[PDB]
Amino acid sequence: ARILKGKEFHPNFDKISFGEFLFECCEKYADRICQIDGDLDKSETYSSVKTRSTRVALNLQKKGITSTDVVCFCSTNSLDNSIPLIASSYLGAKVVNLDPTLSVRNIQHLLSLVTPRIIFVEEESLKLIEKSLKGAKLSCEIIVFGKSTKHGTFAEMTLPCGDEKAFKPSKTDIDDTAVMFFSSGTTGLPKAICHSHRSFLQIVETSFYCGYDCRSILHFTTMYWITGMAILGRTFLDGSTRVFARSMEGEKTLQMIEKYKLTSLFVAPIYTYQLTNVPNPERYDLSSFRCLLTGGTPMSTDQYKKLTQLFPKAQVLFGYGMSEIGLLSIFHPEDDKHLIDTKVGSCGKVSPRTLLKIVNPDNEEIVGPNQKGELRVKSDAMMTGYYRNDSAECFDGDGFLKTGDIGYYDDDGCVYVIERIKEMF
């Protein structure tokens, strides 16, 4: 019986705000490509992103936004959707994303949790947001990504004014909340998961030391999901390029890998079947591709194998994580290269600077390998708590996060998740 412990690293982003992080990354990697819209074939540099976000921030400041405010976003991925998020982060404000595919009743509840001062919304989700605010009986400024007479527009927020040259992100308390997500326990309604500047930056930094290639990474998930936000943070960290597309299609994804020379892609297992059913894949030059990132539901060994055949120069990395703490287990590309072709279907090994234990609930004691129990985890990437609710029971007597998952580990420390505990809040 032991506690699995990931490899050490020296944190470099543990003394600053998330806004200062993003700002510094922009300066460092100014001439590199920050983001590419795979659908429209448009791109933008870190330099340009810095300019537009600085202008949005200065305007947000004039509207009275400070670090205590929550700024909300409801939009699919575009070249604009992250700009006001970055801008809001410069001011130390709390940022949170809503899923445009959620019902009015679900959005209403989410808004009631975080009661935002401003919400940026895509044109397609404007009625949804208007209806939800009306239902929740909440007042909130709406700013549209597009045209509006009734509400303000994103284009207005990018209007240059003020001392752009002198602007610096606000000094703030790095243990204050920087980013929020929403819980999904097996019972009870969602709650607002709070990450501090420190905790979120450790989600990002821990993912970097997992060692996987992100130089040019494609994804489809919106910023509602931890993966969306974590990928953005991770690409900023070393001046890599984030690529997005609205919908996953097999053919178009292979075309994008060829067209942009992608090194990586994140997507849930079930969509990978669209890749493996593309006929005559050899007609695409996929030689740039190094890493298919996946997880969240189980992947069959045959599909796993088919994927390695489709991408012969790549590794397939199936990981495990959650909104409350980021990435928890995954195989290191080089250090675990041998096991990546052997030990399917595990979730990999524990991530750097992370502790993972399996606990027998009755008796409440940690167990050895090949003994199933409740997965519990602990690291500096852990959420600080809920925004207005009580996360006390999410953590055990030793301060470990209860994942709500049942699993076990190997003699070689490979992790296996098998099921969720029923009716856990």
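In case it trips you up, residue 1 is the first one in the sequence shown, and so on.
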Taking the deposited Cα B-factors and averaging over 120-128 and over 280-288, the higher mean is found in 280-288
Identify the stretch, either 107-115 or 298-306, whose C-alpha atoms have the larger mean B-factor according to the entry. 298-306
Pick out which of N370, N59, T66, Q35 has the highest C-alpha B-factor in the PDB entry. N370
Which one of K94, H338, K191, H195 shows the biggest C-alpha B-factor in the PDB entry? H338
Among the chain's modelled residues, which third holds the C-alpha B-factor of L375? middle
Chain third (lowest, middle, highest) by recorded CA B-factor, residue given as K134: highest
Going by the entry, which third of its chain does the Cα temperature factor of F23 land in? lowest
Going by the CA temperature factor in the PDB record, which third of the chain does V70 belong to: lowest, middle or highest? lowest
Divide the modelled residues of the chain into thirds by Cα B-factor and specify which third, lowest, middle or highest, holds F208. middle
